[PDB]
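See below for the structure under consideration.
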Amino acid sequence: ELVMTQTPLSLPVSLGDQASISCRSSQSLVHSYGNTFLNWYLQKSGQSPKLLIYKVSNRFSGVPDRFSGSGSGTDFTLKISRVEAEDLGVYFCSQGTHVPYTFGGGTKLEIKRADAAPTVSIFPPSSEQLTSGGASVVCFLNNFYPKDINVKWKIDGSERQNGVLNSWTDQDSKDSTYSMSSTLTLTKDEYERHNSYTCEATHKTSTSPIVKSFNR
Amino acid sequence: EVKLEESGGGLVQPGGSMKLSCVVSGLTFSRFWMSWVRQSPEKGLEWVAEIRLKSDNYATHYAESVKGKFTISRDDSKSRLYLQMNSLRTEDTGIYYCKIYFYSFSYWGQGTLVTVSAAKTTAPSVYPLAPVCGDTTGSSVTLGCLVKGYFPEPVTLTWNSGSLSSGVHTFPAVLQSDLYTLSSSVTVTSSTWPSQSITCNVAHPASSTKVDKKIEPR
């Protein structure tokens, strides 16, 4: 098993800056003279991997000169100059020299940008749901940076999280933010048992939490 | 212009079989070696099988983890790659890509979802998320859609039939207890809604569910 180790796992860089990405192998990948089969792919969110670099340093179709690959022996590097907008995604190396073929664990490129408070929206259970005997409360926390956020649910002031489902987005390609959804799912009878529903967000942009709420 | 296209994924129970197809165009298929690679959020990219050329007597190689359970084959005449999977286990769950390569190139298909699970196909419930105080009081307001309790994975969600593209955030589904939950938000101008209709278009092909949920104010 050829081991392909990449670093870093995550690489935040600012626009116009240089990104350097490392892939190391547990052994020589030289297939023949002139032929070292190490590839670099870019996989963008919800997309297929796309070849950027082949045979260590050769640029594939449409691939800008901003991208350069290098290395030998067991150390390989991907460097991209003047990092652009659409450069976001996961970068993977792969070896085609020894069967079984193997890949690095990937490196995610993150575009740095100014800090951004989440835009918080809270929603009550719908009548359709309540009629089925259910009550989900939802809170969106959208277009924030950086990605690290924490979310608490408080019912009638008391903290309370049980039946909570959280999901978040990948970095936005146009504005470089992150968004998050949090769903608190109660039975109608329990939902009915209380009045004030609050979604509470802790993000670096604020010293206090940022909260939205309603009372049924 | 090379195009690779995987087909035949879907939901299958443990111990089951399933055959993937991969149609390629844009080059001379018979000239190149091909492989199947799968991806999971938990394990990343894993090669499972390769097939070479006629001149090679169609030699094949497999990852030890699928040896004797997977068979890769190709039909040079139809430019199609196949993967016969039997004895499927839940850990075989993933997106399966076919790819074609050579000294100077590599191409992957768009990938096809393979879900190996004992869980039953289930139609989602679609619920509209309207605000209370309403955002239409600050210039912009955010609406939502909650698609709850479906299986397996793929649903499609659009707003106003895809006409609202910008200002939309569709969150990745999350699985719990063999049922998925997904959600999505739309942010529009306050002068827009509720005066003009905004509708969540949700489809769950596996159950042939199609729902057009109008988000009404209040």
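Chains as they are written, first to last, in our numbering: chain A, 3 to 218; chain B, 1353 to 1570. Heads up, the beta-carbon is just placed ideally off N, CA and C, and yes, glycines get one too.
If you reduce the DSSP assignment to three classes, tell me which class residue i lands in.
i: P66 of chain A; result: coil
i: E1353 of chain B; result: coil
i: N197 of chain A; result: coil
i: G1514 of chain B; result: helix
i: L167 of chain A; result: strand
i: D1428 of chain B; result: coil
i: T133 of chain A; result: helix
i: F216 of chain A; result: strand
i: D174 of chain A; result: coil
i: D1487 of chain B; result: coil
i: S28 of chain A; result: coil
i: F1523 of chain B; result: strand
i: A87 of chain A; result: helix
i: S160 of chain A; result: strand
i: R61 of chain A; result: strand
i: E112 of chain A; result: strand
i: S12 of chain A; result: strand
i: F1457 of chain B; result: strand
i: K149 of chain A; result: coil
i: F142 of chain A; result: strand
i: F1384 of chain B; result: coil
i: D77 of chain A; result: strand
i: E1358 of chain B; result: strand
Measure how close the beta-carbons of residue i and residue j come, nearest whole angstrom, since I'm counting them as under 8 Å.
i: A1471 of chain B; j: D1530 of chain B; result: 4 Å
i: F146 of chain A; j: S123 of chain A; result: Contact flag wrong, Cβ pair sits at about 13 Å.
i: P1480 of chain B; j: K1562 of chain B; result: Incorrect: roughly 16 Å between the Cβ atoms, too far for contact.
i: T104 of chain A; j: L4 of chain A; result: 5 Å
i: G91 of chain A; j: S47 of chain A; result: 7 Å
i: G1367 of chain B; j: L1465 of chain B; result: Contact flag wrong, Cβ pair sits at about 19 Å.
i: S1392 of chain B; j: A1401 of chain B; result: With a Cβ gap of about 16 Å, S1392 of chain B and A1401 of chain B do not count as contacting.
i: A21 of chain A; j: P120 of chain A; result: Incorrect: roughly 27 Å between the Cβ atoms, too far for contact.
i: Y199 of chain A; j: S215 of chain A; result: 6 Å
i: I1403 of chain B; j: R1426 of chain B; result: 5 Å
i: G106 of chain A; j: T7 of chain A; result: 6 Å
i: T1412 of chain B; j: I1424 of chain B; result: 5 Å
i: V15 of chain A; j: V85 of chain A; result: 5 Å
i: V1526 of chain B; j: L11 of chain A; result: Not a contact, Cβ separation roughly 22 Å.
i: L1509 of chain B; j: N1553 of chain B; result: 7 Å
i: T1474 of chain B; j: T1445 of chain B; result: So it is not a contact: roughly 17 Å between Cβ atoms.
i: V1520 of chain B; j: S1543 of chain B; result: So it is not a contact: roughly 19 Å between Cβ atoms.
With burial defined as no fewer than 16 other Cβ atoms inside 10 Å of the residue's Cβ, what is the status of residue i: buried or exposed?
i: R218 of chain A; result: exposed
i: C1485 of chain B; result: exposed
i: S183 of chain A; result: buried
i: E1358 of chain B; result: buried
i: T189 of chain A; result: exposed
i: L1363 of chain B; result: buried
i: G1461 of chain B; result: buried
i: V1354 of chain B; result: exposed
i: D89 of chain A; result: buried
i: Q1365 of chain B; result: exposed
i: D150 of chain A; result: exposed
i: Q1548 of chain B; result: exposed
i: residue 1572 of chain B; result: In the structure displayed, chain B extends from 1353 to 1570; residue 1572 of chain B sits before or after that span and is not available.
i: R1390 of chain B; result: buried
i: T1541 of chain B; result: exposed
i: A87 of chain A; result: exposed
i: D191 of chain A; result: exposed
i: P1557 of chain B; result: exposed
i: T133 of chain A; result: exposed
Name the DSSP bridge partner or partners of residue i?
i: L1531 of chain B; result: B:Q1528
i: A1555 of chain B; result: B:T1508 and B:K1562
i: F1503 of chain B; result: B:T1474
i: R1404 of chain B; result: In the DSSP output, where bridge partners are listed per residue, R1404 of chain B has none listed.
i: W155 of chain A; result: A:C201
i: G1446 of chain B; result: B:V1466
i: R1390 of chain B; result: B:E1398 and B:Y1448
i: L53 of chain A; result: A:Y43
i: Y93 of chain A; result: A:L44 and A:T109
i: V101 of chain A; result: Note: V101 of chain A sits in no beta bridge, so no partner.
i: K1371 of chain B; result: B:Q1436
i: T1494 of chain B; result: B:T1539
i: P1480 of chain B; result: B:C1497
i: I82 of chain A; result: A:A21 and A:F69
i: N37 of chain A; result: A:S34
i: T121 of chain A; result: A:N144
Going by the C-beta, is residue i closer than 7 Å to any heavy atom of the ligand ATP?
i: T109 of chain A; result: Among the ligands in the structure shown, none appear at all, so the ligand ATP cannot be discussed.
Is it a yes or a no for the segment 92-112 of chain A touching the segment 32-48 of chain A, going by three-plus beta-carbon pairs under 8 Å?
Yes, since at least three Cβ pairs between the segment 92-112 of chain A and the segment 32-48 of chain A fall closer than 8 Å, the two stretches touch.
For the segment 56-65 of chain A and the segment 99-113 of chain A, state whether three or more C-beta atom pairs, one from each stretch, are separated by less than 8 Å.
Counting Cβ pairs under 8 Å, fewer than three are found: no touch.
For the 8 Å Cβ check, are there 3 or more pairs between the segment 1443-1451 of chain B and the segment 204-214 of chain A?
No, the segment 1443-1451 of chain B is not in contact with the segment 204-214 of chain A.
Pairs of beta-carbons, one from the segment 1495-1513 of chain B and one from the segment 146-163 of chain A, closer than 8 Å: are there three or more?
No: the two stretches stay apart, fewer than three of their Cβ pairs being nearer than 8 Å.
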